[PDB]
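Visitor: Compact mmCIF, N, CA and C atoms and all ligand atoms, file data.txt:
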```
# COMPACT_ATOMS: atom_id res chain seq x y z
N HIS A 5 67.89 85.05 112.74
CA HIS A 5 68.48 85.79 113.89
C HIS A 5 67.41 86.67 114.56
N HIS A 6 67.52 86.84 115.88
CA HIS A 6 66.62 87.70 116.64
C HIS A 6 67.28 89.02 117.03
N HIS A 7 68.37 89.38 116.36
CA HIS A 7 69.03 90.67 116.54
C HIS A 7 69.49 91.17 115.18
N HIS A 8 69.85 92.45 115.13
CA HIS A 8 70.39 93.02 113.90
C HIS A 8 71.80 92.48 113.63
N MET A 9 72.12 92.30 112.34
CA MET A 9 73.44 91.83 111.90
C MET A 9 74.07 92.89 110.99
N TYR A 10 75.00 93.67 111.53
CA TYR A 10 75.48 94.84 110.82
C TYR A 10 76.66 94.51 109.92
N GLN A 11 76.79 95.32 108.86
CA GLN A 11 77.87 95.24 107.89
C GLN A 11 78.70 96.52 107.94
N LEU A 12 80.02 96.37 107.87
CA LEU A 12 80.92 97.52 107.75
C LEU A 12 81.27 97.72 106.28
N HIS A 13 80.84 98.85 105.72
CA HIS A 13 81.23 99.23 104.36
C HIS A 13 82.28 100.32 104.46
N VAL A 14 83.44 100.09 103.86
CA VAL A 14 84.51 101.07 103.96
C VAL A 14 85.04 101.34 102.57
N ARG A 15 85.05 102.62 102.19
CA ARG A 15 85.77 103.10 101.03
C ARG A 15 87.11 103.67 101.49
N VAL A 16 88.19 103.09 101.00
CA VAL A 16 89.53 103.61 101.24
C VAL A 16 89.75 104.64 100.13
N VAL A 17 89.69 105.92 100.45
CA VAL A 17 89.61 106.93 99.41
C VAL A 17 91.01 107.34 98.95
N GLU A 18 91.81 107.87 99.86
CA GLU A 18 93.08 108.49 99.51
C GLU A 18 93.89 108.66 100.78
N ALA A 19 95.17 109.00 100.61
CA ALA A 19 96.04 109.35 101.72
C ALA A 19 96.89 110.56 101.36
N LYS A 20 97.48 111.19 102.38
CA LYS A 20 98.39 112.31 102.13
C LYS A 20 99.45 112.35 103.22
N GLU A 21 100.46 113.21 103.00
CA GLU A 21 101.53 113.45 103.98
C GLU A 21 102.27 112.17 104.34
N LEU A 22 102.40 111.27 103.37
CA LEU A 22 103.13 110.03 103.58
C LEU A 22 104.63 110.28 103.65
N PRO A 23 105.35 109.43 104.39
CA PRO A 23 106.81 109.53 104.43
C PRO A 23 107.49 108.99 103.18
N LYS A 24 108.74 109.42 103.02
CA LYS A 24 109.60 108.86 101.99
C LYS A 24 110.07 107.48 102.44
N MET A 25 109.67 106.44 101.71
CA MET A 25 109.93 105.06 102.06
C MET A 25 110.89 104.36 101.10
N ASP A 26 111.41 105.10 100.11
CA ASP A 26 112.31 104.61 99.08
C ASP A 26 113.46 105.58 98.94
N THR A 27 114.67 105.05 98.88
CA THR A 27 115.84 105.89 98.69
C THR A 27 115.79 106.65 97.37
N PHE A 28 115.37 105.98 96.29
CA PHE A 28 115.32 106.54 94.95
C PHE A 28 113.91 106.74 94.43
N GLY A 29 112.95 106.85 95.31
CA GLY A 29 111.58 107.11 94.91
C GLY A 29 110.89 107.92 95.98
N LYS A 30 109.57 107.74 96.07
CA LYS A 30 108.81 108.49 97.06
C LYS A 30 108.13 107.53 98.03
N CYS A 31 106.98 106.97 97.66
CA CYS A 31 106.25 105.97 98.42
C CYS A 31 105.33 105.27 97.42
N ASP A 32 105.18 103.96 97.55
CA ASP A 32 104.26 103.16 96.74
C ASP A 32 103.25 102.52 97.68
N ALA A 33 102.27 103.31 98.10
CA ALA A 33 101.43 102.92 99.22
C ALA A 33 100.30 101.99 98.82
N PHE A 34 99.97 101.09 99.73
CA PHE A 34 98.72 100.36 99.72
C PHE A 34 98.27 100.22 101.17
N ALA A 35 96.99 100.00 101.35
CA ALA A 35 96.38 99.90 102.67
C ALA A 35 95.83 98.50 102.89
N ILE A 36 95.98 98.02 104.12
CA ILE A 36 95.48 96.72 104.55
C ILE A 36 94.44 96.96 105.64
N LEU A 37 93.27 96.33 105.50
CA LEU A 37 92.15 96.45 106.43
C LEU A 37 91.94 95.11 107.14
N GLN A 38 91.83 95.15 108.46
CA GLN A 38 91.59 93.95 109.25
C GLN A 38 90.60 94.24 110.36
N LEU A 39 89.52 93.45 110.43
CA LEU A 39 88.60 93.53 111.55
C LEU A 39 89.13 92.69 112.71
N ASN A 40 89.21 93.31 113.89
CA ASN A 40 89.70 92.63 115.09
C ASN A 40 91.01 91.95 114.73
N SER A 41 91.10 90.63 114.90
CA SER A 41 92.27 89.85 114.48
C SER A 41 91.87 88.79 113.46
N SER A 42 90.97 89.16 112.55
CA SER A 42 90.35 88.23 111.62
C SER A 42 91.36 87.70 110.61
N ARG A 43 91.10 86.49 110.12
CA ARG A 43 91.91 85.89 109.07
C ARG A 43 91.47 86.32 107.68
N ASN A 44 90.35 87.01 107.56
CA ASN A 44 89.95 87.65 106.32
C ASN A 44 90.46 89.08 106.37
N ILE A 45 91.48 89.35 105.58
CA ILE A 45 92.09 90.66 105.47
C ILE A 45 91.79 91.16 104.07
N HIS A 46 91.79 92.48 103.91
CA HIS A 46 91.56 93.11 102.62
C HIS A 46 92.70 94.07 102.35
N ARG A 47 93.09 94.21 101.08
CA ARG A 47 94.15 95.15 100.74
C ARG A 47 93.79 95.89 99.47
N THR A 48 94.20 97.16 99.40
CA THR A 48 94.05 97.96 98.18
C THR A 48 95.15 97.63 97.18
N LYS A 49 94.97 98.14 95.98
CA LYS A 49 96.04 98.20 94.99
C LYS A 49 97.13 99.15 95.47
N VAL A 50 98.29 99.05 94.83
CA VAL A 50 99.43 99.93 95.06
C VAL A 50 99.32 101.13 94.13
N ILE A 51 99.52 102.33 94.66
CA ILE A 51 99.64 103.52 93.83
C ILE A 51 101.11 103.91 93.85
N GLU A 52 101.78 103.84 92.70
CA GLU A 52 103.22 104.04 92.67
C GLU A 52 103.62 105.51 92.75
N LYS A 53 104.71 105.75 93.48
CA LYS A 53 105.51 106.98 93.41
C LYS A 53 104.69 108.23 93.69
N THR A 54 104.01 108.25 94.85
CA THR A 54 103.32 109.46 95.27
C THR A 54 103.09 109.43 96.77
N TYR A 55 103.14 110.63 97.35
CA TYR A 55 102.77 110.83 98.75
C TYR A 55 101.29 111.11 98.93
N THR A 56 100.53 111.23 97.85
CA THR A 56 99.10 111.53 97.91
C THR A 56 98.31 110.55 97.04
N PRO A 57 98.39 109.26 97.35
CA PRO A 57 97.68 108.25 96.55
C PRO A 57 96.17 108.36 96.66
N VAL A 58 95.48 108.06 95.56
CA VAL A 58 94.03 107.95 95.51
C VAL A 58 93.70 106.53 95.06
N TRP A 59 93.01 105.78 95.92
CA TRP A 59 92.60 104.41 95.61
C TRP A 59 91.13 104.30 95.21
N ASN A 60 90.24 104.90 96.01
CA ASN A 60 88.79 104.78 95.83
C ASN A 60 88.36 103.32 95.63
N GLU A 61 88.73 102.49 96.60
CA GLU A 61 88.34 101.09 96.64
C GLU A 61 87.41 100.82 97.83
N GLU A 62 86.43 99.94 97.61
CA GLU A 62 85.37 99.64 98.56
C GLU A 62 85.50 98.20 99.06
N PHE A 63 85.25 98.02 100.35
CA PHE A 63 85.28 96.73 101.01
C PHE A 63 84.05 96.58 101.88
N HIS A 64 83.65 95.33 102.08
CA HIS A 64 82.44 94.98 102.80
C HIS A 64 82.77 93.88 103.80
N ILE A 65 82.64 94.21 105.08
CA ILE A 65 83.14 93.36 106.16
C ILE A 65 82.01 93.06 107.13
N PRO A 66 81.57 91.81 107.26
CA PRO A 66 80.55 91.51 108.27
C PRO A 66 81.09 91.76 109.67
N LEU A 67 80.23 92.31 110.53
CA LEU A 67 80.62 92.64 111.89
C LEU A 67 80.14 91.58 112.85
N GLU A 68 80.94 91.34 113.89
CA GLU A 68 80.58 90.39 114.93
C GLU A 68 79.79 91.06 116.05
N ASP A 69 80.25 92.23 116.50
CA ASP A 69 79.63 92.93 117.62
C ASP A 69 79.99 94.40 117.50
N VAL A 70 79.04 95.24 117.08
CA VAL A 70 79.34 96.65 116.84
C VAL A 70 79.77 97.35 118.12
N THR A 71 79.51 96.75 119.28
CA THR A 71 79.88 97.41 120.52
C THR A 71 81.35 97.23 120.86
N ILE A 72 82.06 96.28 120.24
CA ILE A 72 83.44 95.99 120.61
C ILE A 72 84.38 95.86 119.42
N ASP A 73 83.85 95.75 118.21
CA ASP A 73 84.71 95.51 117.05
C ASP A 73 85.61 96.71 116.77
N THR A 74 86.78 96.41 116.21
CA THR A 74 87.75 97.42 115.79
C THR A 74 88.20 97.14 114.37
N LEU A 75 88.48 98.21 113.64
CA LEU A 75 89.04 98.12 112.29
C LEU A 75 90.46 98.64 112.33
N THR A 76 91.43 97.79 112.00
CA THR A 76 92.81 98.23 111.88
C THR A 76 93.06 98.53 110.42
N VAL A 77 93.65 99.70 110.16
CA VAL A 77 94.06 100.13 108.83
C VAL A 77 95.57 100.29 108.88
N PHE A 78 96.27 99.56 108.01
CA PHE A 78 97.72 99.44 108.01
C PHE A 78 98.24 99.88 106.66
N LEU A 79 99.09 100.91 106.63
CA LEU A 79 99.71 101.38 105.39
C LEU A 79 101.11 100.78 105.24
N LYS A 80 101.42 100.34 104.03
CA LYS A 80 102.74 99.85 103.69
C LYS A 80 103.19 100.41 102.36
N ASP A 81 104.50 100.39 102.16
CA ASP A 81 105.15 100.73 100.89
C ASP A 81 105.56 99.46 100.16
N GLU A 82 105.06 99.29 98.93
CA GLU A 82 105.53 98.18 98.12
C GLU A 82 106.95 98.43 97.65
N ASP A 83 107.76 97.38 97.74
CA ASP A 83 109.09 97.31 97.13
C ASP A 83 109.17 96.10 96.21
N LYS A 84 110.10 96.20 95.25
CA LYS A 84 110.31 95.13 94.26
C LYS A 84 111.54 94.27 94.54
N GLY A 85 112.64 94.88 94.95
CA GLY A 85 113.86 94.18 95.26
C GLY A 85 114.05 93.82 96.71
N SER A 86 113.07 94.13 97.54
CA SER A 86 113.09 93.82 98.95
C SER A 86 111.64 93.66 99.36
N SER A 87 111.44 93.32 100.63
CA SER A 87 110.08 93.16 101.13
C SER A 87 109.39 94.51 101.28
N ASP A 88 108.07 94.48 101.38
CA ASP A 88 107.34 95.72 101.58
C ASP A 88 107.72 96.35 102.92
N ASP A 89 107.63 97.68 102.98
CA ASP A 89 108.01 98.42 104.20
C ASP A 89 106.77 98.84 104.97
N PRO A 90 106.60 98.45 106.22
CA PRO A 90 105.52 99.03 107.02
C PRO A 90 105.69 100.53 107.19
N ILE A 91 104.56 101.26 107.15
CA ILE A 91 104.54 102.72 107.33
C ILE A 91 103.87 103.10 108.65
N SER A 92 102.60 102.77 108.80
CA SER A 92 101.82 103.32 109.91
C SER A 92 100.51 102.55 110.03
N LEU A 93 99.81 102.77 111.14
CA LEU A 93 98.53 102.10 111.32
C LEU A 93 97.66 102.89 112.28
N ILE A 94 96.37 102.61 112.20
CA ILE A 94 95.39 103.15 113.15
C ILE A 94 94.39 102.05 113.44
N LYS A 95 93.95 101.96 114.70
CA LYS A 95 92.89 101.05 115.11
C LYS A 95 91.67 101.90 115.45
N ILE A 96 90.59 101.70 114.70
CA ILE A 96 89.38 102.52 114.75
C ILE A 96 88.28 101.72 115.42
N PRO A 97 87.73 102.18 116.55
CA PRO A 97 86.59 101.46 117.16
C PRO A 97 85.32 101.65 116.35
N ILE A 98 84.67 100.53 116.01
CA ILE A 98 83.43 100.57 115.24
C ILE A 98 82.29 101.20 116.04
N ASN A 99 82.36 101.14 117.37
CA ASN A 99 81.25 101.65 118.16
C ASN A 99 81.17 103.17 118.17
N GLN A 100 82.08 103.86 117.50
CA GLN A 100 82.03 105.31 117.40
C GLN A 100 81.19 105.80 116.23
N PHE A 101 80.73 104.90 115.36
CA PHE A 101 80.01 105.31 114.17
C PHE A 101 78.52 105.17 114.40
N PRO A 102 77.74 106.23 114.28
CA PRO A 102 76.28 106.08 114.36
C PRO A 102 75.77 105.11 113.31
N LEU A 103 74.90 104.20 113.72
CA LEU A 103 74.37 103.22 112.79
C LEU A 103 73.64 103.94 111.66
N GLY A 104 73.96 103.57 110.42
CA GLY A 104 73.33 104.09 109.23
C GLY A 104 73.91 105.38 108.70
N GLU A 105 74.78 106.05 109.44
CA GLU A 105 75.42 107.25 108.94
C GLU A 105 76.59 106.89 108.03
N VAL A 106 76.70 107.60 106.92
CA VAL A 106 77.87 107.52 106.04
C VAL A 106 78.86 108.59 106.48
N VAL A 107 79.99 108.17 107.05
CA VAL A 107 80.94 109.06 107.69
C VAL A 107 82.21 109.11 106.86
N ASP A 108 82.51 110.29 106.32
CA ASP A 108 83.65 110.53 105.45
C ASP A 108 84.63 111.39 106.23
N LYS A 109 85.79 110.83 106.56
CA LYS A 109 86.65 111.46 107.54
C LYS A 109 88.10 111.18 107.21
N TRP A 110 88.99 112.10 107.59
CA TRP A 110 90.43 111.87 107.58
C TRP A 110 90.90 111.38 108.95
N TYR A 111 91.90 110.48 108.94
CA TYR A 111 92.45 109.87 110.15
C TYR A 111 93.96 110.00 110.14
N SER A 112 94.54 110.39 111.26
CA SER A 112 96.00 110.35 111.39
C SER A 112 96.46 108.95 111.74
N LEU A 113 97.42 108.45 111.00
CA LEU A 113 98.01 107.16 111.33
C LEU A 113 99.22 107.32 112.27
N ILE A 114 99.49 106.29 113.04
CA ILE A 114 100.62 106.28 113.98
C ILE A 114 101.78 105.59 113.27
N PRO A 115 102.90 106.26 113.05
CA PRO A 115 104.01 105.60 112.34
C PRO A 115 104.57 104.45 113.14
N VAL A 116 105.01 103.42 112.43
CA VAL A 116 105.74 102.34 113.09
C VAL A 116 107.11 102.83 113.55
N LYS A 117 107.73 102.05 114.45
CA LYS A 117 109.05 102.43 114.91
C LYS A 117 110.01 102.55 113.72
N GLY A 118 110.77 103.64 113.69
CA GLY A 118 111.73 103.89 112.64
C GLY A 118 111.21 104.74 111.49
N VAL A 119 109.93 105.06 111.47
CA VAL A 119 109.31 105.85 110.41
C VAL A 119 108.99 107.23 110.96
N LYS A 120 109.36 108.27 110.20
CA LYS A 120 109.36 109.64 110.71
C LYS A 120 107.95 110.18 110.91
N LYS A 121 107.03 109.86 110.00
CA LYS A 121 105.67 110.35 110.07
C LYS A 121 104.74 109.32 109.44
N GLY A 122 103.48 109.38 109.85
CA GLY A 122 102.54 108.31 109.55
C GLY A 122 101.54 108.61 108.44
N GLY A 123 101.38 109.88 108.07
CA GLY A 123 100.41 110.25 107.06
C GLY A 123 99.00 110.34 107.61
N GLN A 124 98.06 110.70 106.72
CA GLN A 124 96.63 110.70 107.01
C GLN A 124 95.94 109.89 105.93
N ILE A 125 94.84 109.24 106.29
CA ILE A 125 94.07 108.46 105.33
C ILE A 125 92.61 108.86 105.43
N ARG A 126 91.97 108.98 104.28
CA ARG A 126 90.55 109.33 104.19
C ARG A 126 89.76 108.06 103.96
N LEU A 127 88.81 107.79 104.84
CA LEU A 127 87.97 106.61 104.80
C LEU A 127 86.53 107.05 104.86
N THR A 128 85.69 106.47 104.02
CA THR A 128 84.26 106.64 104.13
C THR A 128 83.69 105.33 104.68
N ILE A 129 83.08 105.40 105.86
CA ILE A 129 82.67 104.23 106.61
C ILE A 129 81.18 104.30 106.88
N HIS A 130 80.51 103.18 106.72
CA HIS A 130 79.06 103.10 106.81
C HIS A 130 78.71 101.79 107.49
N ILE A 131 78.14 101.86 108.70
CA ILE A 131 77.70 100.67 109.41
C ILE A 131 76.23 100.53 109.10
N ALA A 132 75.85 99.46 108.41
CA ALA A 132 74.48 99.36 107.94
C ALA A 132 73.91 98.00 108.25
N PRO A 133 72.59 97.88 108.40
CA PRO A 133 72.00 96.57 108.63
C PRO A 133 72.17 95.69 107.40
N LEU A 134 72.11 94.39 107.64
CA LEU A 134 72.23 93.42 106.57
C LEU A 134 71.28 93.75 105.42
N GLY A 135 71.81 93.73 104.20
CA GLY A 135 71.02 93.94 103.01
C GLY A 135 70.90 95.38 102.57
N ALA A 136 71.17 96.34 103.45
CA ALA A 136 71.04 97.74 103.08
C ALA A 136 72.09 98.10 102.03
N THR A 137 71.73 99.03 101.16
CA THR A 137 72.64 99.43 100.08
C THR A 137 73.87 100.11 100.66
N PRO A 138 75.08 99.67 100.32
CA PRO A 138 76.28 100.29 100.89
C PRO A 138 76.41 101.75 100.50
N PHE A 139 76.74 102.56 101.49
CA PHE A 139 76.98 103.99 101.37
C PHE A 139 75.71 104.77 101.04
N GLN A 140 74.55 104.14 101.08
CA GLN A 140 73.28 104.85 100.87
C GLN A 140 72.86 105.54 102.16
N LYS A 141 72.70 106.85 102.11
CA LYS A 141 72.32 107.60 103.30
C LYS A 141 70.89 107.24 103.75
N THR A 142 70.63 107.43 105.05
CA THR A 142 69.36 107.02 105.65
C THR A 142 68.20 107.78 105.02
N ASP A 143 67.07 107.09 104.86
CA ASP A 143 65.81 107.75 104.51
C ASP A 143 64.60 107.15 105.27
CA CA A 201 110.78 101.01 100.31
CA CA A 202 108.64 101.34 97.38
CA CA A 203 111.81 97.02 101.63
CL CL A 204 109.72 111.48 105.39
CL CL A 205 73.88 104.49 116.76
```
Reformat the file's structure so that it appears as structure tokens.
Ligand SMILES: [Ca+2]
Ligand SMILES: [Ca+2]
Ligand SMILES: [Ca+2]
Ligand SMILES: [Cl-]
Ligand SMILES: [Cl-]
Guide:
Amino acid sequence: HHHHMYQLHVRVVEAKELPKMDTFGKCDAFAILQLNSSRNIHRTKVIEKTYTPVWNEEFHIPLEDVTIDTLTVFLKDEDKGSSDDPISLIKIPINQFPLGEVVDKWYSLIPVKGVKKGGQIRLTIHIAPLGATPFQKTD
């Protein structure tokens, strides 16, 4: 290639202020990550029965065009006797992240229709050139 080929490294750290998504429980949250409308989707594990889940899971997503790519983060509640319940989502433009910076930030999610509040999610995001160590700060 005659241009840089960037990688999106994302740590899904934790969430807070989640809504009650179960009549007899609290929330069993997991997060789904999707670049643009890609068929490669990533999902975290489920953290049962808490409004403040901690996942600390890392994902590595090749980028097509840092000037236009978007990362959608979608929170859902796992259920056992019914289908999972959508909670909230945020679409994050990749072009807002300085190349090579490790950015650790909280994000407000937008609740889906019918959900009272969307929560916040903490993501550590690092746009780095191909081969660079994920989450390694610039030197
Ligand atoms: Ca539920
Ligand atoms: Ca549930
Ligand atoms: Ca359900
Ligand atoms: Cl609620
Ligand atoms: Cl930049």
Visitor: Give me, as a PyMOL selection string, the set of residues whose atoms come within 8 Å of any atom of ligand CA 203 (chain A), counting only C-alpha atoms and all ligand atoms.
Guide: chain A and resi 81-89
Visitor: May I have the protein, DNA and RNA residues with any atom at most 9 Å from the point (69.6, 109.6, 103.6), counting only C-alpha atoms, written as a PyMOL selection string?
Guide: chain A and resi 104-106+140-143
Visitor: Residues of chain A within 8 Å of ligand CL 205 (chain A): nearest atom pair and distance (Å, one decimal) for each, counting only C-alpha atoms and all ligand atoms, sorted by chain and number, as CSV?
Guide:
```
residue,atom,partner,partner_atom,distance
A:101,CA,A:CL205,CL,6.7
A:102,CA,A:CL205,CL,3.7
A:103,CA,A:CL205,CL,4.2
A:104,CA,A:CL205,CL,7.6
```
Visitor: Using DSSP on the backbone coordinates, identify the residues of chain A assigned to strand (DSSP E); present them as a PyMOL selection string.
Guide: chain A and resi 10-20+33-39+45-47+58-66+74-81+89-97+106-112+114-115+124-133
Visitor: Counting all atoms listed in the file, which protein, DNA or RNA residues come within 6.5 Å of ligand CL 204 (chain A), given as number ranges by chain?
Guide: A: 22-25, 120-121
Visitor: Report as a compact mmCIF listing (two decimals) with N, CA and C atoms, in the coordinates of the input all protein, DNA and RNA residues lying within 6.5 Å of residue 96 (chain A), evaluated on only N, CA and C atoms, omitting residues in the same chain fewer than 2 positions from it.
Guide:
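New file result09.txt:
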```txt
# COMPACT_ATOMS: atom_id res chain seq x y z
N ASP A 73 83.85 95.75 118.21
CA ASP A 73 84.71 95.51 117.05
C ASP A 73 85.61 96.71 116.77
N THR A 74 86.78 96.41 116.21
CA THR A 74 87.75 97.42 115.79
C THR A 74 88.20 97.14 114.37
N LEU A 75 88.48 98.21 113.64
CA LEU A 75 89.04 98.12 112.29
C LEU A 75 90.46 98.64 112.33
N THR A 76 91.43 97.79 112.00
CA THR A 76 92.81 98.23 111.88
C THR A 76 93.06 98.53 110.42
N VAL A 77 93.65 99.70 110.16
CA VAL A 77 94.06 100.13 108.83
C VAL A 77 95.57 100.29 108.88
N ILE A 94 96.37 102.61 112.20
CA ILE A 94 95.39 103.15 113.15
C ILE A 94 94.39 102.05 113.44
N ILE A 98 84.67 100.53 116.01
CA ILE A 98 83.43 100.57 115.24
C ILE A 98 82.29 101.20 116.04
N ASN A 99 82.36 101.14 117.37
CA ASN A 99 81.25 101.65 118.16
C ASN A 99 81.17 103.17 118.17
```
Visitor: Which of these residues is nearest to ligand CA 202 (chain A), using only C-alpha atoms and all ligand atoms: A:114, A:127, A:50, A:16?
Guide: A:50
Visitor: What does the structure give for the distance between CA of residue 34 (chain A) and CA of residue 78 (chain A), in Å to one decimal?
Guide: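 Computing the Euclidean distance for CA of residue 34 (chain A) and CA of residue 78 (chain A) yields 8.4 Å.
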Visitor: In Å, rounded to a single decimal, give me how far CA of residue 32 (chain A) is from CA of residue 139 (chain A).
Guide: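 Atom-to-atom, CA of residue 139 (chain A) to CA of residue 32 (chain A), that is 27.7 Å.
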Visitor: When you count only C-alpha atoms, which of these residues is closest to residue 138 (chain A): A:117, A:109, A:80, A:15?
Guide: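 That would be A:15, the residue with the smallest distance to residue 138 (chain A).
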Visitor: Do you have the CA of residue 100 (chain A)-atom N of residue 10 (chain A) distance handy?
Guide: 14.8 Å
